[PDB]
Amino acid sequence: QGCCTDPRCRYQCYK
């Protein structure tokens, strides 16, 4: 929602 949307965090989110 917040960081998950970002690319830098998306890596961690592993969507």
# chains A, B, ... in the order shown; residues from 1 in each chain; ligands from 1

$ residues_around --residues "residue 15 (chain A)" --least-positions-apart "3" --cutoff "10 Å" --atoms "only C-alpha atoms" --output "ChimeraX atom specification"
/A:4-5,9-12

$ select_by_dssp --residues "chain A" --states "alpha helix (DSSP H)" --output "ChimeraX atom specification"
/A:7-13
